[PDB]
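Undergrad: One file: query.txt (compact mmCIF, C-alpha atoms).
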```
# COMPACT_ATOMS: atom_id res chain seq x y z
CA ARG A 56 14.23 -21.36 -7.19
CA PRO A 57 11.48 -18.71 -6.87
CA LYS A 58 8.06 -20.42 -6.44
CA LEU A 59 4.59 -20.27 -4.89
CA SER A 60 3.03 -22.83 -2.65
CA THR A 61 -0.37 -24.33 -3.00
CA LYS A 62 -0.72 -22.53 0.35
CA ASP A 63 0.28 -19.34 -1.46
CA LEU A 64 -1.88 -19.25 -4.55
CA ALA A 65 -4.80 -19.90 -2.19
CA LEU A 66 -3.74 -16.79 -0.41
CA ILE A 67 -3.73 -14.79 -3.71
CA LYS A 68 -7.10 -16.32 -4.46
CA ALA A 69 -8.53 -15.20 -1.17
CA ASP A 70 -6.88 -11.78 -1.14
CA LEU A 71 -8.00 -10.98 -4.70
CA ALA A 72 -11.43 -12.01 -3.66
CA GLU A 73 -11.50 -9.49 -0.82
CA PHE A 74 -10.07 -6.50 -2.69
CA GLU A 75 -12.79 -7.01 -5.36
CA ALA A 76 -15.53 -6.98 -2.66
CA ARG A 77 -13.86 -3.82 -1.40
CA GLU A 78 -13.99 -2.46 -4.95
CA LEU A 79 -17.66 -3.25 -4.71
CA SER A 80 -18.62 -1.62 -1.45
CA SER A 81 -16.53 1.33 -2.55
CA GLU A 82 -18.68 1.77 -5.62
CA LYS A 83 -21.92 1.40 -3.60
CA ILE A 84 -20.85 4.17 -1.24
CA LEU A 85 -19.73 6.44 -3.98
CA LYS A 86 -23.17 5.96 -5.69
CA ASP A 87 -25.07 6.76 -2.39
CA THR A 88 -23.13 9.93 -1.63
CA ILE A 89 -23.39 11.34 -5.19
CA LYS A 90 -27.09 10.69 -5.56
CA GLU A 91 -27.06 12.49 -2.20
CA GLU A 92 -28.53 9.81 0.11
CA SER A 93 -29.81 10.80 3.58
CA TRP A 94 -27.29 8.90 5.76
CA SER A 95 -24.48 9.39 3.20
CA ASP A 96 -22.82 12.75 3.69
CA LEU A 97 -19.30 13.63 2.94
CA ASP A 98 -18.38 12.44 6.42
CA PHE A 99 -20.11 9.09 6.25
CA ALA A 100 -18.59 8.12 2.92
CA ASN A 101 -15.01 9.22 3.81
CA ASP A 102 -14.76 7.09 6.94
CA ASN A 103 -15.66 4.32 4.60
CA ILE A 104 -14.03 4.96 1.28
CA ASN A 105 -11.00 5.97 3.26
CA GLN A 106 -10.72 2.68 5.22
CA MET A 107 -11.65 0.57 2.19
CA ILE A 108 -8.83 2.09 0.25
CA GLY A 109 -6.13 1.23 2.76
CA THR A 110 -7.73 -2.17 3.15
CA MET A 111 -7.47 -2.59 -0.63
CA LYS A 112 -3.95 -1.24 -0.38
CA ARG A 113 -3.29 -3.92 2.23
CA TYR A 114 -4.34 -7.05 0.34
CA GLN A 115 -2.40 -5.56 -2.50
CA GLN A 116 0.87 -5.73 -0.60
CA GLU A 117 -0.10 -8.97 0.85
CA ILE A 118 0.14 -10.14 -2.78
CA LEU A 119 2.93 -7.82 -4.12
CA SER A 120 5.03 -9.03 -1.17
CA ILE A 121 4.71 -12.75 -1.74
CA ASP A 122 8.31 -13.95 -1.77
CA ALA A 123 8.09 -15.25 -5.31
CA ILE A 124 6.06 -12.10 -6.15
CA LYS A 125 8.95 -9.95 -4.89
CA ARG A 126 11.45 -12.06 -6.83
CA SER A 127 9.11 -12.18 -9.86
CA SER A 128 11.79 -11.51 -12.49
CA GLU A 129 13.66 -14.71 -11.58
CA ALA A 130 10.58 -16.99 -11.32
CA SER A 131 8.66 -18.43 -14.24
CA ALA A 132 7.43 -16.31 -17.13
CA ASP A 133 3.77 -16.62 -16.10
CA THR A 134 4.58 -15.21 -12.65
CA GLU A 135 6.36 -11.86 -13.16
CA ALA A 136 3.98 -11.33 -16.05
CA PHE A 137 1.18 -11.65 -13.47
CA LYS A 138 2.83 -9.36 -10.94
CA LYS A 139 3.59 -6.87 -13.74
CA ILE A 140 -0.03 -6.69 -14.74
CA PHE A 141 -1.47 -7.18 -11.25
CA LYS A 142 0.65 -4.21 -10.13
CA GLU A 143 -0.75 -2.20 -13.00
CA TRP A 144 -4.37 -3.62 -12.63
CA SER A 145 -4.56 -3.16 -8.77
CA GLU A 146 -3.21 0.37 -8.64
CA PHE A 147 -5.58 1.60 -11.31
CA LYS A 148 -8.56 0.36 -9.28
CA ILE A 149 -7.11 1.88 -6.24
CA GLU A 150 -6.24 5.22 -7.78
CA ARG A 151 -9.62 5.29 -9.48
CA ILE A 152 -11.50 4.95 -6.21
CA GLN A 153 -9.18 7.43 -4.50
CA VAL A 154 -9.73 9.77 -7.37
CA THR A 155 -13.51 9.74 -7.28
CA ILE A 156 -13.76 10.40 -3.56
CA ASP A 157 -11.26 13.19 -3.80
CA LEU A 158 -13.56 14.54 -6.46
CA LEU A 159 -16.57 14.19 -4.17
CA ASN A 160 -14.43 16.46 -2.04
CA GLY A 161 -13.30 19.49 -3.99
CA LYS A 162 -10.03 17.59 -4.77
CA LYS A 163 -9.27 17.66 -8.57
CA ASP A 164 -5.69 16.88 -7.80
CA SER A 165 -5.92 13.16 -8.51
CA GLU A 166 -8.15 13.57 -11.68
CA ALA A 167 -5.62 15.57 -13.73
CA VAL A 168 -2.83 13.08 -12.89
CA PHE A 169 -5.39 10.39 -13.55
CA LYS A 170 -5.88 11.15 -17.23
CA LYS A 171 -2.19 11.78 -17.34
CA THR A 172 -1.24 8.38 -16.03
CA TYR A 173 -3.96 6.52 -17.96
CA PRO A 174 -4.31 7.92 -21.53
CA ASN A 175 -7.29 5.66 -22.39
CA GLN A 176 -9.22 4.74 -19.36
CA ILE A 177 -11.26 1.80 -20.70
CA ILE A 178 -8.74 0.45 -23.23
CA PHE A 179 -6.65 0.00 -20.07
CA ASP A 180 -9.44 -1.45 -17.70
CA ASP A 181 -10.28 -4.44 -19.88
CA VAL A 182 -6.75 -4.88 -21.19
CA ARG A 183 -5.19 -5.29 -17.77
CA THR A 184 -8.24 -7.35 -16.67
CA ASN A 185 -8.12 -9.49 -19.77
CA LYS A 186 -4.42 -9.84 -19.17
CA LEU A 187 -4.73 -10.40 -15.42
CA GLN A 188 -7.43 -12.91 -16.16
CA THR A 189 -5.33 -14.83 -18.64
CA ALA A 190 -2.40 -14.40 -16.23
CA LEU A 191 -4.45 -16.11 -13.47
CA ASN A 192 -5.64 -18.83 -15.86
CA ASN A 193 -2.00 -19.30 -16.81
CA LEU A 194 -1.12 -19.50 -13.13
CA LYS A 195 -3.97 -22.04 -13.04
CA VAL A 196 -5.87 -20.20 -10.31
CA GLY A 197 -9.47 -20.14 -11.41
CA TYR A 198 -10.56 -16.82 -10.02
CA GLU A 199 -12.90 -15.54 -12.60
CA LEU A 200 -12.63 -11.78 -12.13
CA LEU A 201 -15.47 -9.37 -12.44
```
As C-alpha cells, what does this structure read like?
TA:
Amino acid sequence: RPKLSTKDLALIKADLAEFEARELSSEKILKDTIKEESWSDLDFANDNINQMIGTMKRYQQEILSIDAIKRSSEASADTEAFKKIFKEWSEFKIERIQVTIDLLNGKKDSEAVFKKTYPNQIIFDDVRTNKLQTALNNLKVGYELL
C-alpha cells in the first residue's frame, strides 16, 4: 500500500519551503547582476546561482524520491497527481533560473529550448501553481505557495 507518513508530508512541507527560498535568493542575485551591481559580477552571481540550482535540484529529488512519490501511480489519486504536477512545476522553476543565468552568460542555448518546452510561459506558471496548490490542499498540507 503506497503511502506517506505524517513524518513524510512534513518533510515535503519543509523541502518545498526551502526550494522556494532558493527561488527567492536566486531572483535577488539575478536582479543585482543585471542592474550591474558593484559586488555582483558574472563571477559572484555564478558561484551563487550555480549552487542554488543544485540545491534546488536536491530538495526536488528529496521529494521526487519519496517512496510513495516514486510509486505514485499505485498510491491514491491525489498523490501521483501531485507528483505529476510537482515534477512539472519544480523543473520549470529550475530550468527558468538556469536559463536566465545562462543568458547572463552569452548562453542562448537554454532559451530556445525554453520556449520550445513551454509554449506559453505564464499560462503554465499559474496553471501548475494553481494545480500544485490545489494538489497540496488535497494532500491536506497547508503550504500556501507564493
Undergrad: Could you tell me which of A:131, A:122, A:65, A:156 comes closest to residue 102 of chain A if we count only C-alpha atoms?
TA: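 The answer is A:156, which sits nearest to residue 102 of chain A.
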Undergrad: Tell me, as a count of residues only, which residues lie within 12 Å of segment 191-200 of chain A, counting only C-alpha atoms; anything in the same chain fewer than 6 positions away does not count.
TA: 34
Undergrad: Extract, using only C-alpha atoms, all DNA, RNA and protein residues at most 8 Å from segment 164-177 of chain A, discarding same-chain residues fewer than 6 positions from it, and format them as a VMD selection string.
TA: chain A and resid 150 to 151 153 to 155 157 to 158
Undergrad: Which of these, A:142, A:77, A:90, A:148, has the shortest distance to residue 124 of chain A once you count all atoms listed in the file?
TA: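 Of A:142, A:77, A:90, A:148, the one nearest residue 124 of chain A is A:142, counting all atoms listed in the file.
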Undergrad: Could you state the separation of atom CA of residue 85 of chain A and atom CA of residue 119 of chain A in Å, given to one decimal place?
TA: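 The value is 26.8 Å.
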Undergrad: Quick one: distance from atom CA of residue 98 of chain A to atom CA of residue 145 of chain A in Å, one decimal?
TA: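 Separating atom CA of residue 98 of chain A from atom CA of residue 145 of chain A is a distance of 25.8 Å.
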Undergrad: Between atom CA of residue 99 of chain A and atom CA of residue 115 of chain A, what distance in Å does the model show, to one decimal?
TA: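 Interatomic distance, atom CA of residue 99 of chain A to atom CA of residue 115 of chain A: 24.6 Å.
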Undergrad: Of the candidates A:84, A:89, A:130, A:111, which one gets nearest to residue 57 of chain A if we count only C-alpha atoms?
TA: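 Of A:84, A:89, A:130, A:111, the one nearest residue 57 of chain A is A:130, counting only C-alpha atoms.
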Undergrad: Limit the output to C-alpha atoms and give segment 60-195 of chain A as a short mmCIF file (atom, residue, chain, number, x, y, z; two decimals), in the first residue's frame.
TA:
```cif
data_model
loop_
_atom_site.label_atom_id
_atom_site.label_comp_id
_atom_site.auth_asym_id
_atom_site.auth_seq_id
_atom_site.Cartn_x
_atom_site.Cartn_y
_atom_site.Cartn_z
CA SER A 60 3.83 9.34 6.81
CA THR A 61 2.98 12.31 8.89
CA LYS A 62 6.79 12.32 9.16
CA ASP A 63 6.88 12.47 5.37
CA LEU A 64 4.47 15.21 4.43
CA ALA A 65 6.32 17.33 7.00
CA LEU A 66 9.40 16.62 5.01
CA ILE A 67 7.67 17.77 1.75
CA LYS A 68 6.46 20.80 3.65
CA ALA A 69 9.94 21.69 4.78
CA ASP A 70 11.67 20.88 1.50
CA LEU A 71 9.16 22.89 -0.56
CA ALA A 72 9.73 25.70 1.82
CA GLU A 73 13.47 25.70 1.17
CA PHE A 74 13.38 25.41 -2.62
CA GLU A 75 11.05 28.46 -2.69
CA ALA A 76 13.53 30.49 -0.56
CA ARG A 77 16.16 29.33 -3.03
CA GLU A 78 13.89 30.52 -5.85
CA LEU A 79 13.93 33.78 -3.97
CA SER A 80 17.61 34.35 -3.42
CA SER A 81 18.11 33.26 -7.00
CA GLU A 82 15.89 36.06 -8.21
CA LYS A 83 17.63 38.62 -5.94
CA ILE A 84 21.02 37.70 -7.38
CA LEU A 85 19.83 37.74 -10.92
CA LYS A 86 18.37 41.27 -10.32
CA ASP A 87 21.72 42.53 -8.79
CA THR A 88 23.91 41.23 -11.59
CA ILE A 89 21.66 42.56 -14.41
CA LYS A 90 21.27 46.01 -12.95
CA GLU A 91 25.06 45.66 -12.78
CA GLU A 92 25.69 45.96 -9.02
CA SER A 93 29.23 46.64 -7.74
CA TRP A 94 29.89 43.35 -5.88
CA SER A 95 27.79 41.35 -8.38
CA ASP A 96 29.87 40.40 -11.39
CA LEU A 97 29.46 37.41 -13.54
CA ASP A 98 31.70 35.52 -11.14
CA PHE A 99 29.91 36.46 -7.96
CA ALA A 100 26.47 35.52 -9.26
CA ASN A 101 27.56 32.17 -10.80
CA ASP A 102 29.05 30.78 -7.60
CA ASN A 103 25.67 31.53 -6.21
CA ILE A 104 23.09 30.84 -8.85
CA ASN A 105 25.09 27.75 -9.62
CA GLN A 106 24.98 26.34 -6.05
CA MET A 107 21.36 27.41 -5.53
CA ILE A 108 20.34 25.49 -8.58
CA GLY A 109 21.81 22.19 -7.46
CA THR A 110 20.45 22.87 -4.01
CA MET A 111 17.01 23.36 -5.59
CA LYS A 112 17.70 20.25 -7.63
CA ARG A 113 18.43 18.47 -4.36
CA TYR A 114 15.24 19.19 -2.42
CA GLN A 115 13.50 18.29 -5.60
CA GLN A 116 14.79 14.72 -5.53
CA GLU A 117 14.36 14.62 -1.87
CA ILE A 118 10.66 14.92 -2.77
CA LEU A 119 10.56 13.07 -6.17
CA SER A 120 12.27 10.17 -4.36
CA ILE A 121 9.83 9.77 -1.50
CA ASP A 122 8.92 6.09 -1.62
CA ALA A 123 5.26 6.78 -2.23
CA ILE A 124 6.36 9.59 -4.60
CA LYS A 125 8.36 7.04 -6.61
CA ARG A 126 5.43 4.62 -6.59
CA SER A 127 2.97 7.47 -7.27
CA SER A 128 0.92 5.65 -9.92
CA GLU A 129 -0.14 2.96 -7.42
CA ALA A 130 -0.91 5.34 -4.49
CA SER A 131 -4.01 7.48 -4.17
CA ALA A 132 -5.24 9.74 -6.94
CA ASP A 133 -4.28 12.93 -5.08
CA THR A 134 -0.68 11.72 -4.79
CA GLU A 135 0.55 10.88 -8.32
CA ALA A 136 -1.44 13.88 -9.45
CA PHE A 137 0.76 15.92 -7.08
CA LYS A 138 3.99 14.31 -8.21
CA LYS A 139 2.90 14.74 -11.84
CA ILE A 140 2.40 18.44 -11.40
CA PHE A 141 5.19 18.95 -8.85
CA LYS A 142 7.56 17.34 -11.37
CA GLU A 143 6.31 19.74 -14.00
CA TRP A 144 6.11 22.79 -11.56
CA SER A 145 9.63 22.23 -9.99
CA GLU A 146 11.53 21.70 -13.22
CA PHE A 147 10.09 24.80 -14.82
CA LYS A 148 11.35 26.92 -11.92
CA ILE A 149 14.63 25.22 -12.10
CA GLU A 150 15.04 25.47 -15.85
CA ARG A 151 13.87 29.06 -15.72
CA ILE A 152 16.59 30.07 -13.27
CA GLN A 153 19.18 28.03 -15.17
CA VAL A 154 18.04 29.70 -18.32
CA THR A 155 18.37 33.26 -17.11
CA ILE A 156 21.88 32.84 -15.75
CA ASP A 157 22.98 31.14 -18.91
CA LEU A 158 21.61 34.20 -20.63
CA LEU A 159 23.57 36.48 -18.30
CA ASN A 160 26.42 34.49 -19.76
CA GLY A 161 26.31 34.51 -23.54
CA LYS A 162 24.41 31.15 -23.35
CA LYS A 163 21.19 31.26 -25.50
CA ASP A 164 21.18 27.52 -25.57
CA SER A 165 18.61 27.07 -22.81
CA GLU A 166 16.31 29.97 -24.02
CA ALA A 167 15.47 28.45 -27.42
CA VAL A 168 14.66 25.07 -25.81
CA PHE A 169 12.86 27.05 -23.16
CA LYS A 170 10.18 28.48 -25.44
CA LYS A 171 10.17 25.14 -27.13
CA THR A 172 9.40 23.20 -23.99
CA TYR A 173 6.97 25.80 -22.59
CA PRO A 174 4.73 27.21 -25.37
CA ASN A 175 3.00 29.73 -23.05
CA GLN A 176 5.21 30.71 -20.23
CA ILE A 177 2.66 32.29 -17.87
CA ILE A 178 -0.37 30.15 -18.76
CA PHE A 179 1.92 27.37 -17.47
CA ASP A 180 3.34 29.19 -14.29
CA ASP A 181 -0.03 29.80 -12.66
CA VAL A 182 -1.62 26.63 -14.01
CA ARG A 183 0.95 24.31 -12.47
CA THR A 184 0.99 26.52 -9.32
CA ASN A 185 -2.77 26.61 -9.12
CA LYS A 186 -2.71 22.88 -9.66
CA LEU A 187 0.19 22.24 -7.27
CA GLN A 188 -1.59 24.41 -4.77
CA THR A 189 -4.84 22.53 -5.05
CA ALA A 190 -2.79 19.31 -5.10
CA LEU A 191 -1.23 20.29 -1.73
CA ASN A 192 -4.60 21.34 -0.31
CA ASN A 193 -5.91 17.98 -1.50
CA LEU A 194 -2.97 16.30 0.21
CA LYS A 195 -4.04 18.43 3.18
#
```
